[PDB]
Amino acid sequence: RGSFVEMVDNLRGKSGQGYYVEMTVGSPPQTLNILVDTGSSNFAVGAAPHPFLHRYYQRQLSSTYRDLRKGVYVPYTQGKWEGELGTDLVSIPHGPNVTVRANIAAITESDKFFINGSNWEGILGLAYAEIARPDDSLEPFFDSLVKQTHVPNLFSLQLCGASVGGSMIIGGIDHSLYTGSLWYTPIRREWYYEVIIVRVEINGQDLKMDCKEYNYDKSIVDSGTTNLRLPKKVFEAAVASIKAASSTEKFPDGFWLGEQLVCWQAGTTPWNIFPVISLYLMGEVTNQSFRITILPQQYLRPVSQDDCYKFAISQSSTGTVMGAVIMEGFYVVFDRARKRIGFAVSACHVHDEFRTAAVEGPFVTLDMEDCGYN
Ligand SMILES: NC1=N[C@](c2ccc(OC(F)F)cc2)([C@@H]2C[C@H]2C(=O)c2cncc(Cl)c2)CO1
Ligand code: NA
Ligand code: NA
């Protein structure tokens, strides 16, 4: 408890292409780099020689592979993957010293899934069975891990933006990874890591929307999404306020829509004209909340001879998504055992001399249950 040195720095990434952990599958072990995804629930790996893949799972080489004789088709947007289900022995070399038999989807055909130039070959869905494919009987990796071992039912993530890196602490918390205190928000329902946002401020100015809007139709914590995604009506209100706050300088209307980038000469990004963004989350106690605050350092993503950033807040029709934009400010504890998510200021987050990311409480917020969409 509290210290897991062998797991520190076990994540790598390329900016905007997520964070991956090294895993092994089968016997003898086949090493793969695997995207850490709290937004889905399948352990799915490249299993055929797609041109974009550094490597792939070769089931014929594994003495421990068991075929489940079942296929899985997984459309979404933007993309799709198809595969064949089986089980095999899975380990995390820079994780706990255990080996479990997990479900693996062997991806045999995909569209807009693998990224050309990325260094990962599969994804580790760390969310709940309720959103597993094809259905909730396909046990997710973390569920198997907890069933078959003495690993405590929690994991935590420190994503450090900019080549990026971070830490996935499986089975506990490492106190070196954060400063100040952890504050907890309930997991509303075990499918995605669903939370409830109860208030939103831009530079301390409340958006004053019916808080149900902040959670239409859900709000989730998703390490497999780069951006902070906001429901359309909230995004509209959010940019308008950010536009206003940052009107010292003018940017093309396309910029706020992510349709074009914006640049400055090196060493001269005007951070301070940009507002902080605060989400108040439902707390653990009745009528009690806390707030997490992020900087432009988080929502203006590094992508000429100038420093060019993409506006990394965007509209959604699937609800709020707290992607890397949020998570890179914080140490995030997925406390599955207690159905709660902890946030603390991350010991590695990008800031400046004037402003840092913050996690502050307690605040008094009434009618927070009304903020949940049904
Ligand atoms: N959280 C989430 N993961 C994704 C995903 C892909 C299929 C699913 O299959 C199905 F179960 F929905 C589920 C999620 C993609 C794996 C993520 C992805 O490709 C990605 C690309 N660039 C940057 C990042 Cl941080 C991630 C989409 O959003
Ligand atoms: Na156990
Ligand atoms: Na600490």
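All chain A residue numbers match Swiss-Prot; in order, they span 57-218, 230-370, 376-446.
Per the header of the entry, the method used was X-ray crystallography, 1.9 Å.
Cβ atoms here come from the backbone N, Cα and C positions, even for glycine.
In sequence order, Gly74, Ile179, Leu180, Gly181, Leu182, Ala183, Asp289, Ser290, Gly291 constitute the residues six or more apart from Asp93 (active site) in its chain with CB-CB distances below 8 Å. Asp93 (active site) carries a strand DSSP state (E or B). Feature annotation from Swiss-Prot assigns active site to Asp93 (among others).
A strand conformation is recorded for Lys126 (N6-acetyllysine) in the three-state DSSP classification. Taking the Cβ of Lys126 (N6-acetyllysine) as centre and 10 Å as the limit, one finds 12 other Cβ atoms among all the protein chains shown. The feature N6-acetyllysine is assigned by Swiss-Prot to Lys126 (among others).
Feature annotation from Swiss-Prot assigns N-linked glycosylation site to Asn153 (among others); the stated evidence is sequence analysis. Secondary structure at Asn153 (N-linked glycosylation site), as computed by DSSP, is coil. The Cβ of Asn153 (N-linked glycosylation site) lies under 8 Å from no Cβ of any same-chain residue at least six residues away in sequence.
As annotated by Swiss-Prot, N-linked glycosylation site applies to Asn172 (among others), with the evidence given as sequence analysis. Note: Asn172 (N-linked glycosylation site) has non-local neighbours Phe108, i.e. same-chain residues 6+ apart with C-beta under 8 A of its own C-beta.
In sequence order, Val231, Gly232, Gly233, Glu400, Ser418, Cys420, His421 make up the list of same-chain residues 6 or more apart from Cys216 (disulfide bond) whose Cβ falls under 8 Å from its Cβ. Taken from Swiss-Prot, the feature disulfide bond covers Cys216-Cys420 (among others), and the record attributes it to experimental evidence.
Spatially close to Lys275 (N6-acetyllysine) yet at least six residues away along the chain is no residue at all, judged by Cβ distances under 8 angstroms. Taken from Swiss-Prot, the feature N6-acetyllysine applies to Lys275 (among others), supported by experimental evidence.
On its own chain, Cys278 (disulfide bond) has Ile264, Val265, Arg266, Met440, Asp442, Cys443 as residues at least 6 apart in sequence with a Cβ closer than 8 Å to its own Cβ. Sequence annotations record features per position, and here Swiss-Prot assigns disulfide bond to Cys278-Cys443 (among others) based on experimental evidence.
Mapped onto three states, the DSSP output places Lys279 (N6-acetyllysine) in helix. Long-range neighbours of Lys279 (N6-acetyllysine) (same chain, six or more residues apart, CB within less than 8 Å of its CB): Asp442, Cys443, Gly444, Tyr445. Among the features that Swiss-Prot reports, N6-acetyllysine is placed at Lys279 (among others), with the record citing experimental evidence.
What Swiss-Prot records for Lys285 (among others) is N6-acetyllysine. Counting only same-chain residues at least 6 apart in sequence, those with a Cβ under 8 Å from the Cβ of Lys285 (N6-acetyllysine) are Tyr259, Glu261, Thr390, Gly391, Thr392, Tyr445.
Sequence annotations record features per position, and here Swiss-Prot assigns active site to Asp289 (among others).
The feature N6-acetyllysine is assigned by Swiss-Prot to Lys299 (among others), with experimental evidence given as support. Summarising the environment of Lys299 (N6-acetyllysine), the number of other Cβ atoms within 10 Å of its Cβ, over all protein chains shown, is 12.
Residue environment of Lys300 (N6-acetyllysine) contains 14 other Cβ atoms, counted within 10 Å of its Cβ in all protein chains. Sequence annotations record features per position, and here Swiss-Prot assigns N6-acetyllysine to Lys300 (among others) based on experimental evidence.
Its Cβ placed at the centre, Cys380 (disulfide bond) has 15 other Cβ atoms within 10 Å. According to Swiss-Prot, the disulfide bond annotation covers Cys330-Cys380 (among others).
Same-chain residues at least 6 positions away in sequence with a Cβ under 8 Å from that of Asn354 (N-linked glycosylation site) are, in sequence order, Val436, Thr437, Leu438, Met440. Among the features that Swiss-Prot reports, N-linked glycosylation site is placed at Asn354 (among others), with the record citing sequence analysis.
With 11 residues not built between them, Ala218 and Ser230 place their Cα atoms 7 angstrom from each other. If you take the C-beta of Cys330 (disulfide bond) and look for same-chain residues 6 or more apart in sequence within under 8 angstroms, you find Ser376, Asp378, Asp379, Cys380, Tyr381.
Ranking the disulfide-bonded residues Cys420, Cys443 by the number of CB atoms within 10 A of their own CB puts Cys443 at the top. Among the recorded positions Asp93, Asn153, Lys279, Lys299, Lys300, residues whose Cβ is positioned under 6 Å from ligand 1 are identified as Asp93.
DSSP gives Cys443 (disulfide bond) a helix state.
Taking the Cα atom of each, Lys126 (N6-acetyllysine) and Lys299 (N6-acetyllysine) are about 38 angstrom apart.
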